[PDB]
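Listed next as structure tokens: two forms of one protein chain, kept apart as structure 1 and structure 2.
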Structure 1
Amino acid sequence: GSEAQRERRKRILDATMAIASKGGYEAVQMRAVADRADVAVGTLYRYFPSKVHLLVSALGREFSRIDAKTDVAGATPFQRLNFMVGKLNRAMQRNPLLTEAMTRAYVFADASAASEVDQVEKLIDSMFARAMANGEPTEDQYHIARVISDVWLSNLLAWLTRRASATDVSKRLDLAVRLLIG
């Protein structure tokens, strides 16, 4: 049934977030996800043809949910963008290893998951973009939002690998947005 099929898609991704929150990218093992979901490994692959597609699908729905709750505080597009980069940078650091697994999956994917990846990318831009205009944004506002998305993925990626501290990431984010709004 399609209702049960949807139910085990949600059970598979919910399992993925549970395991990733506990042990990161190295703990999201396909057999363990298919266990905690009570599905066969063959089923788990039927729903997600790879590990990468799995975790970037879970990132897809995480950012989808966060955008849903996000759809404000700021009289300047500068302070609004700072508010979104602070909201998301703050949240992704709440579950460091869940963030690690999903972000590394998103960043190491190849063309096979391009679609999924692209979707996530778009969403993030939209958020930052909708932060700046407080609505339907400009072309230049989607541009800046795009570059900022890059800078945040780069910095978040550095913090996932102990290459940067929370203070370093905050510095480079505030500085990126400050130079992109001259």
Structure 2
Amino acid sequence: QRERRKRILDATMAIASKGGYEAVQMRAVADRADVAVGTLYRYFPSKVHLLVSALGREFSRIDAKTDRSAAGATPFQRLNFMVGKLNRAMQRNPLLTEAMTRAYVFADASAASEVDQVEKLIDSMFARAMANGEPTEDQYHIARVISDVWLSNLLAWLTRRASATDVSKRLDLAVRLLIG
């Protein structure tokens, strides 16, 4: 059932990248992934669960892309590195970003687990970026603040009250204010 999951999340990412939040239909994803619809619902009860899970997988893959050794001599530099990478990744995929941001907007208690998995991952990614070895509590907290700035400005990006570069500027400002 692992390969089934892989096909389902693959189709989720493909469709989301192609047509944004709207295009992510349960029937369409199930179709594209060659699984029964009931199977899809059994693993993912909503498109929110689908998208958040897919996001989690994407983060888990990005963390496996290289290694903690792969940069900067200072915490500020390393965190700047991580945030910059994820930032350009965001800028390269506006539709996917729309789908994910919307998914986060609609995520409720029923998707708690899924969302948690994302939050735990991304924060970890930031924290381990700042730290040499095991991150401290404060670094986890800093990670959470950065994530909150990111999401809050994506909220304004989604409703076209702000551009992607505005988001990027806010992120850099936040990083500098926290550990610059």
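All residue numbers here refer to structure 1's sequence, counted from 1. In this text, rigid core is short for the largest set of C-alphas that superpose within 1.5 Å between two forms.
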{"property": "C-alpha of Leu156 moved at least 2 Å between structure 1 and structure 2 on rigid core", "result": "yes"}
{"property": "Per-residue Cα shift, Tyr142, between structure 1 and structure 2 [Å; core superposed]", "result": "1.3"}
{"property": "For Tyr45, CA displacement between structure 1 and structure 2 after the core is overlaid, in Å", "result": "1.0"}
{"property": "Following rigid core superposition, Cα shift of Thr167 between structure 1 and structure 2 in Å", "result": "2.6"}
